[PDB]
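Accompanying notes for the structure given below.
So that the names make sense, note that chain A is the first sequence line, chain B the second, and so on, each numbered from 1.
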Number of protein chains: 2
Amino acid sequence: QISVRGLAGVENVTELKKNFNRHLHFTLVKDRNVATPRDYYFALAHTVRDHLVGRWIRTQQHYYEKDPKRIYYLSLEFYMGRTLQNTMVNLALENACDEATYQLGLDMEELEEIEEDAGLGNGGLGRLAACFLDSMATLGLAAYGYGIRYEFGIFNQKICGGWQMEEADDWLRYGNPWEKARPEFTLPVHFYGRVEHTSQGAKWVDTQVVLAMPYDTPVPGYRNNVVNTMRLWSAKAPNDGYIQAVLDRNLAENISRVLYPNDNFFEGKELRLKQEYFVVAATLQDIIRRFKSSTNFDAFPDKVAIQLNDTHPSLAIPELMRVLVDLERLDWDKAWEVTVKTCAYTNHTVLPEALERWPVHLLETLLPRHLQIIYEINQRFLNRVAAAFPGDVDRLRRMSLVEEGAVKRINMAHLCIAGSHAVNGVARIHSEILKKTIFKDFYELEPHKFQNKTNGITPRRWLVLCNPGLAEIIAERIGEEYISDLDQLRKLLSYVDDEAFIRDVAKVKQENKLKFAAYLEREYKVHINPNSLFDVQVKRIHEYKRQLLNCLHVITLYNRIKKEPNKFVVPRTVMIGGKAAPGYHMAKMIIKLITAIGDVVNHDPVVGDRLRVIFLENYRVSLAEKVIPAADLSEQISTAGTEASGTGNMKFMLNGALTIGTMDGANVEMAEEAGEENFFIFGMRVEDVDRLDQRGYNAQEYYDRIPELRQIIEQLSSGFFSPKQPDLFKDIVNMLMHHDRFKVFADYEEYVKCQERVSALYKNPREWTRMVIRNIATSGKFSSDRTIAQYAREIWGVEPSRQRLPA
Amino acid sequence: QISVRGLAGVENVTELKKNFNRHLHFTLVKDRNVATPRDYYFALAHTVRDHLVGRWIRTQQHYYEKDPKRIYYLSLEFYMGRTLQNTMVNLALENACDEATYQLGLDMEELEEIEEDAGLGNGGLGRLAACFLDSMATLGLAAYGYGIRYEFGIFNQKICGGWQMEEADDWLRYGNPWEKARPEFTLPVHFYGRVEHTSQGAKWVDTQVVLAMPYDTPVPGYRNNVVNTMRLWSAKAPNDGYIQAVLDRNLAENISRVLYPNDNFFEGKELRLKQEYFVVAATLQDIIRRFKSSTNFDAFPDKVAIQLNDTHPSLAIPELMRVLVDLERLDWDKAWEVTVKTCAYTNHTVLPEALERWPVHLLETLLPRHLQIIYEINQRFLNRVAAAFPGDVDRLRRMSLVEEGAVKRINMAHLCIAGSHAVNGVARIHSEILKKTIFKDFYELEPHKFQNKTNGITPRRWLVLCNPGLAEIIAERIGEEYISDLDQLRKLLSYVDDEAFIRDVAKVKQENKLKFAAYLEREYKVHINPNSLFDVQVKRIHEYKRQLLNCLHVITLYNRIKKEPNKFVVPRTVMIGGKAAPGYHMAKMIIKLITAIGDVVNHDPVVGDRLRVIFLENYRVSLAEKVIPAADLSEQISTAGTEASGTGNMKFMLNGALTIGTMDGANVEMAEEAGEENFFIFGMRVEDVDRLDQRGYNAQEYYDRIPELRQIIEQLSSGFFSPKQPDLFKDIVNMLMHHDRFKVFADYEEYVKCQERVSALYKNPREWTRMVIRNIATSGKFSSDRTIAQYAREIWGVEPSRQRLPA
Ligand SMILES: O=C(COc1ccc(-c2ccccc2)cc1)N[C@@H]1O[C@H](CO)[C@@H](O)[C@H](O)[C@H]1O
Ligand SMILES: O=C(COc1ccc(-c2ccccc2)cc1)N[C@@H]1O[C@H](CO)[C@@H](O)[C@H](O)[C@H]1O
């Protein structure tokens with residue numbers, strides 16, 4: 001049908017048809033009389049997976065023969081989403097499968113909706129790992145993702161009476177056709193026990209053992225016949241009343257049972273520490289085993305890079321030291337040099353409550369040898385600080401890996417900086433904040449360690465897969481090369497005055513919106529107007545992300561309409577979606593407020609279809625692929641200095657939405673790429689926030705001086721949005737008035753004014769679309785291929801390649 | 001190589017070779033460079049499984065079109081063993097796979113040793129279910145086995161310092177290529193809750209729900225293209241702190257976690273009751289759903305038979321009543337008629353401590369509605385007893401389903417007799433004991449219910465598979481037909497004086513023994529003499545089975561040798577094997593005594609290789625397939641009246657061992673088939689045991705009058721077999737002397753005399769072999785094809801068929 005989806009040759013179609021019938025018969029043990037749509041999905045999945053295997057085997061054989069430096073990306077999260085369509089895209093099989101299934105009397109799109117998301121992450125950090133794997137394979141790097149095979153991923157969110165309810169994400173129920181169990185590569189992981197000292201050095205003895213069983217999933221590059229591996233570890237009890245002893249095997253296997261969903265506010269839970277060590281200990285044994293199959297650990301950093309995705313796998317540092325010192329018997333200083341040259345650390349936040357700080361008593365009991373090593377690392381590090389800054393005793397206390405207080409804690413960020421040759425933030429402003437404020441002491445001691453690597457997204461999933469219509473009108477003008485060289489989109493700047501292109505860009509957006517409006521009714525019985533501006537904010541629910549500020553705007557618009565009902569306003573559909581961490585009361589209250597506003601707004605006859613407020617239930621990778629192509633306006637409105645990068649912002653820019661946002665995270669670089677005239681920037685900059693903090697933020701001042709704001713607060717307090725429970729929202733009002741760390745009121749006026757400018761532009765479709773073209777055309781920087789090429793050259797010491805492997 | 005293993009045609013071999021390479025590549029994702037022997041096993045298993053699928057689909061389609069009466073065999077145990085070789089045998093693929101693998105440079109026998117036993121049973125009752133499934137498929141019955149998919153089967157037994165140690169049988173670790181998950185056929189099972197009464201009748205409300213997920217395994221008939229199903233249920237939590245709630249899903253899924261290994265002494269454990277209801281509730285919903293796919297439950301017994309394998313699934317009776325009365329709204333009397341006509345019950349013991357008697361308080365809490373129904377069944381039944389036997393108030397108390405006492409209990413055997421149209425024992429003497437003693441009252445009320453169905457074994461696994469050499473020398477003389485018509489073995493009576501046949505029978509036995517002697521060294525570093533008489537007792541360890549009596553004989557022989565070392569004796573290798581239930585102290589002590597005797601006997605220079613005592617570790621289906629073909633003498637020495645049938649006895653008879661045994665269980669019918677002159681019968685009959693009980697058994701009398709017996713007891717008491725712990729065996733001596741329910745001393749003299757007659761005959765190889773021929777030739781009765789034909793005609797009301805389905 002469309003060019004970018006590939007060829008549908010007679011030979012290929014015929015072959016796909018027979019392999020499909022073969023799998024339906026031999027694999028599923030069904031015939032056409034009893035097969036359900038799920039059986040058809042599986043027959044298709046196995047058919048496509050068969051095309052991966054030859055390339056997977058030869059890629060791995062290739063790395064063995066050529067022995068390149070290997071990249072190990074350690075993450076506790078891989079937010080993969082669905083795999084079927086992505087695999088077809090990357091193997092150029094999409095049109096052929098479409099044709100083949102069509103001939104068999106099946107709708108491929110319908111079969112695609114059957115696949116469960118692999119929801120093995122919370123949000124941005126987990127999805128970054130997934131984009132990164134795609135880019136590493138597309139750039140021909142010998143790269144391995146290592147993580148945990150959680151039995152239950154991020155919870156499914158249901159909304160009941162306006163409230164979030166959580167249910168278990170039982171994503172493996174029907175089986176996973178993409179993974180291959182490797183029970184033969186099983187490895188032991190140790191816990192508890194005690195440390196004995198001999199003449200020969202230290203020994204860790206009397207440990208309990210959990211087995212780590214690997215499951216491999218193929219990661220295909222974009223049309224280069226490269227297929228890399230993501231290896232996910234699963235916990236198994238070793239084989240040694242009788243009944244109860246058997247049932248107690250559950251205790252061990254609980255390590256890989258469920259993903260922790262609390263992506264704000266760190267809590268030191270023992271089971272999470274076990275997960276963190278488990279992935280690290282099994283991964284490092286695998287790495288070392290592979291390195292030996294090439295005595296001389298001097299060459300170890302020439303053949304191994306380990307990237308730590310935040311501090312979650314930070315135990316890699318003392319575990320690598322443990323193995324080199326206790327098992328391989330290297331002297332400390334040589335082991336340390338190897339470790340530092342091997343490890344690099346990516347930081348993802350600045351909120352103090354988000355940093356991992358493990359109580360010493362937990363490590364003492366669970367990992368007694370690791371605690372000794374961390375103490376030794378700390379002593380040697382602080383000796384270096386003392387020599388560089390003699391007499392500065394407060395610096396010594398600020399930089400220590402060990403924090404004193406009620407309970408002594410280990411600061412895992414400080415461990416990571418001490419034991420890595422490179423530390424990076426995820427956007428230019430974030431990396432600068434790291435050097436200037438939270439890791440200032442570390443930067444002064446070792447300035448060469450600190451880098452920036454601005455985040456990106458893969459244009460395969462986030463353009464070609466989710467928005468084929470847009471990908472096609474672009475390919476028509478500039479060819480197909482841009483799909484793996486996104487900087488080529490700049491060529492589109494010469495079409496900004498092209499009448500045909502303007503019309504096509506606008507037509508694709510209209511089609512995406514009609515499709516999404518239809519999805520909403522069929523699957524959720526909700527009525528929307530497709531001619532309205534689609535105003536969307538989708539991301540995890542956090543105070544810093546300021547869903548609340550968006551709420552205030554929605555109510556302002558509603559109040560204005562009620563005040564002057566016969567005045568024309570640009571119609572809007574305001575959609576907000578995102579999950580709240582189960583323990584986060586304020587985030588759960590924000591969800592309830594959103595639905596409560598909807599209840600009032602959506603049923604007010606005076607409003608009509610001029611304003612609609614919808615809460616997008618169960619936001620996840622598959623839903624983002626649907627809503628992002630349909631968006632006109634992207635809400636990126638975190639308080640300046642709080643969102644380290646953002647990546648959802650990039651997805652929207654690539655797909656033809658305009659952005660309203662603060663100068664925060666990657667928004668700054670996006671505005672710089674597109675030109676500030678083509679971006680809706682508002683609000684305090686980081687400097688303005690600092691000045692407010694120096695003086696003291698008083699929310700009352702805003703309430704006193706802004707009549708429209710005072711009206712919203714009275715409506716909330718008095719029960720306008722909760723008639724049967726008038727004080728339902730008192731916690732929200734109280735926080736806004738007295739303890740708002742994120743200064744919601746301070747940006748309110750500028751935000752409302754800026755939103756008026758959005759509505760003005762949307763009235764002029766031709767000029768709206770021309771601004772959209774200038775955004776799409778300057779989105780090239782934010783390809784994760786650019787990000788990974790910078791990691792490879794500036795951190796890993798390896799050269800990317802665009803060359804094909806033989807097919 | 002050998003005729004009965006089938007054809008190896010050029011077309012077949014070539015096709016098997018390519019499908020093997022296809023599975024190795026696409027299924028396992030390996031090539032020849034990294035493949036382990038386990039990968040080769042799996043490639044072969046998937047290749048053979050592919051041959052089943054077409055026949056499996058068409059068999060099930062056939063039953064749908066023809067709508068025959070369906071047989072549902074409900075068992076908590078299916079002791080299946082390995083599947084690969086059995087599937088090849090039944091599909092006539094054995095020689096072809098052998099050739100194909102040989103050409104690929106592989107040894108098929110070696111690949112066969114890689115497969116885990118499906119050890120989903122304890123011993124005889126579980127293995128009977130497995131033989132029965134094979135016979136039902138071979139006889140063309142529309143039959144379904146229904147059970148539980150245990151994650152952990154019968155424990156692996158290790159012997160450490162002479163003691164049994166139990167380890168988890170993690171049989172699913174590497175995956176099971178034979179099963180197909182059917183997540184779409186998942187069904188809810190209810191527990192706990194309470195009973196509400198309306199106008200409409202009773203309602204069971206506020207229940208907790210566990211899901212039952214089915215896994216189907218194909219059951220191939222012998223060369224008839226019939227493939228039936230064994231459906232095994234697995235427990236899954238329904239989908240509705242957060243972390244802990246996720247981890248608590250284990251509680252629900254524990255129902256199908258582990259097989260209970262205590263096959264003597266019933267213990268009322270709540271988790272076992274849940275297992276019993278779980279299999280019954282899910283199975284009956286499946287049965288009813290299938291019946292509806294044909295209002296009129298009158299025809300239900302014309303289209304459904306349910307066979308209960310002991311009382312373990314006895315809850316089928318009140319569950320069927322519950323469904324018909326509460327859900328389908330049938331009146332009680334009509335529902336009851338349907339139930340009785342549908343259900344039949346097979347009894348497997350006479351030991352009072354083995355009968356299931358569930359405490360009422362357990363049923364009250366777990367299954368409140370079932371307890372009401374059982375009470376109602378009991379009231380109506382006892383009303384019938386009172387009318388038939390007016391004034392006999394003690395009969396009323398003896399026959400009640402409810403037993404009074406400390407705790408009130410339900411007698412599940414009484415429930416089963418009341419709610420079944422047929423009750424059978426498993427050997428002629430057992431069925432007679434049922435009518436005359438333990439169920440006498442029930443027989444007097446309803447004599448037409450009571451039947452005999454003498455047990456059998458499948459000659460496919462138990463001759464063709466495990467002893468191809470013997471199968472071949474038989475096929476040479478009489479053709480291949482006997483494999484599915486075992487009565488044809490009688491034709492062998494005309495070869496009893498045939499010199500060539502005598503030599504061939506003896507040669508096959510010698511080859512089996514050389515092979516087994518070699519297996520022992522290679523896998524267990526133990527040295528045996530292959531010219532000795534192989535004296536074997538393999539079966540679960542129980543006092544009633546009298547491994548202890550065998551122990552006394554072994555010590556007698558040892559004492560005799562020590563007494564007269566230069567006198568010739570027929571050399572023996574005495575092998576004893578079997579698992580003890582984890583809670584059974586005396587059985588664990590018997591295992592230790594056996595190894596302790598071995599320690600002394602096997603290292604005494606005076607003995608030489610004239611006597612060896614070996615404990616066969618980890619006895620299970622795969623080991624029985626090795627040791628049974630190698631045996632000369634089969635020990636079947638239970639106290640008269642205690643072994644309901646035995647089936648191991650039949651396996652030995654079919655494979656060329658002679659039998660030393662009591663007139664107990666099926667031994668009686670075996671001796672009757674072969675002629676008593678061709679059997680080594682000794683000891684008390686049931687009548688002699690009764691007379692002893694009337695007078696009172698005094699073990700001291702035997703000890704006083706038998707000097708050789710007194711010597712053994714002093715050796716045991718004084719520490720001759722346990723030098724470092726002189727009183728190790730005091731419990732054994734104490735039991736023998738003071739509380740032996742199984743009268744070990746009373747049979748001792750006759751047993752020793754009889755064993756002398758065995759040794760005399762073995763000295764004359766020609767006459768030994770002629771007696772063997774007369775045993776093999778009269779073993780036809782004990783084919784499970786005969787047993788199943790009698791069940792089908794006399795209980796299920798269906799006609800077996802030997803006709804092929806189209807291929
Ligand atoms: O997604 C995250 C953080 O997610 C988690 C996920 C899990 C945890 C966690 C930590 C300890 C224990 C349990 C859970 C903490 C944070 N951060 C985002 O990372 C993106 C990629 O760099 C950035 O674009 C976002 O700005 C940043 O908020
Ligand atoms: O194997 C058995 C009994 O096995 C079990 C297995 C499990 C249980 C059980 C019962 C309740 C709770 C837990 C376990 C009780 C008995 N009996 C044998 O059945 C054979 C087949 O009919 C006969 O040949 C044997 O004589 C008989 O002992």
Side-chain angles (χ1 to χ4, degrees), chain A residues 532-533 535 537 543 545-574 576 589-590 592-608 610-613 633 635 637-640 660-662 680-684 688-689 692 697-723 726-740 742-763:
Chain A
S532 57
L533 188 168
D535 180 345
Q537 184 176 206
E543 282 161 89
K545 289 167 183 295
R546 300 202 295 187
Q547 285 88 5
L548 270 175
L549 178 57
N550 189 170
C551 286
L552 295 184
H553 178 242
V554 169
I555 298 159
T556 303
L557 251 32
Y558 175 74
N559 287 334
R560 284 170 172 185
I561 289 168
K562 289 289 285 193
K563 193 167 181 64
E564 283 180 278
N566 304 117
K567 207 252 229 72
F568 180 80
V569 284
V570 176
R572 295 202 183 207
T573 301
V574 182
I576 308 178
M589 289 304 294
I590 293 155
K592 174 63 171 164
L593 209 219
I594 296 165
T595 68
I597 294 166
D599 286 331
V600 172
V601 172
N602 292 352
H603 302 103
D604 189 321
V606 170
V607 164
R610 298 188 286 164
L611 185 57
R612 288 270 177 268
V613 181
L633 218 223
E635 300 270 358
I637 55 170
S638 57
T639 309
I660 186 166
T662 49
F680 292 104
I681 300 164
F682 76 93
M684 294 179 290
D688 303 309
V689 178
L692 247 189
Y697 177 63
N698 176 216
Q700 184 82 43
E701 185 171 290
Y702 299 93
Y703 174 99
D704 284 345
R705 325 228 269 213
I706 308 164
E708 278 180 300
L709 182 53
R710 182 182 325 119
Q711 186 190 8
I712 300 176
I713 297 312
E714 292 173 24
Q715 280 171 316
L716 290 174
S717 296
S718 69
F720 185 87
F721 290 93
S722 48
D727 71 324
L728 186 59
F729 295 122
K730 68 171 157 61
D731 291 347
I732 294 179
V733 179
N734 192 50
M735 180 276 281
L736 254 12
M737 293 304 311
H738 304 301
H739 50 94
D740 189 3
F742 307 104
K743 308 169 175 53
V744 174
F745 290 177
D747 277 335
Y748 168 82
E749 253 186 301
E750 268 209 62
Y751 181 55
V752 174
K753 287 184 189 174
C754 188
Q755 286 277 23
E756 298 175 351
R757 312 198 291 101
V758 169
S759 291
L761 219 222
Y762 192 82
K763 282 156 83 162

For [Y], is there any backbone N or O sitting under 3.5 Å from a side-chain donor or acceptor partner on [X]?
X	Y	value
A/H603	A/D599	yes
A/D727	A/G719	no
A/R612	A/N602	yes
A/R610	A/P565	yes
A/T662	A/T639	no

To the closest 0.5 Å, what do you measure between [atom1] ([X]) and [atom2] ([Y])?
X	Y	atom1	atom2	result
A/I597	A/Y558	CD1	OH	11.0 Å
A/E701	A/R705	CD	CZ	4.0 Å
A/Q715	A/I555	CD	CD1	7.0 Å
A/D740	A/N698	CG	CG	12.0 Å
A/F721	A/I594	CZ	CD1	12.5 Å
A/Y702	A/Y697	OH	OH	6.0 Å

Side chains of [X] and [Y], heavy atoms from C-beta outward: is any pair under 4.5 Å?
X	Y	value
A/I712	A/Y748	yes
A/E756	A/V752	yes
A/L548	A/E543	no
A/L533	A/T573	no
A/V758	A/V570	no
A/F745	A/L552	yes
A/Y703	A/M737	yes
A/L709	A/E749	no

Could you report the tightest heavy-atom contact between [X] and [Y], atom names first, then the distance?
X	Y	answer
A/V733	A/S717	CG1-OG, 3.5 Å
A/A640	A/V689	O-CG2, 3.9 Å
A/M684	A/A746	CE-CB, 3.7 Å
A/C754	A/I681	SG-O, 4.0 Å
A/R546	A/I637	NE-O, 2.9 Å
A/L611	A/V607	O-CG1, 3.5 Å

Kindly determine whether A/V569 and A/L557 satisfy side-chain contact (heavy atoms from CB on, under 4.5 Å), including the steps that lead there.
-> CA-CA 9 Å; A/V569 284; A/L557 251 32; over 6 Å; no
Stepwise, does the side-chain hydrogen bond (donor to acceptor under 3.5 Å, both in side chains) test hold for A/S759 with A/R572?
-> CA-CA 9 Å; A/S759 291; A/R572 295 202 183 207; 3.0 Å; yes
Can you check side-chain contact (heavy atoms from CB on, under 4.5 Å) on A/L716 and A/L593, steps first, answer last?
-> CA-CA 9 Å; A/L716 290 174; A/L593 209 219; 3.8 Å; yes
Parallel, tilted or perpendicular: which fits the ring planes of A/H553 and A/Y751, with parallel below 30° and perpendicular above 60°?
-> perpendicular
For the pair A/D704 and A/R710, evaluate salt bridge (charged side-chain N to carboxylate O under 4.0 Å, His left out) and give the outcome as yes or no after the intermediate values.
-> CA-CA 7 Å; A/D704 284 345; A/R710 182 182 325 119; 5.6 Å; no
Set of residues satisfying side-chain hydrogen bond (donor to acceptor under 3.5 Å, both in side chains) with respect to A/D688, sequence neighbours excluded | A/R691
Do you see a donor-acceptor pair shorter than 3.5 Å between the side chains of A/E635 and A/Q755?
-> yes
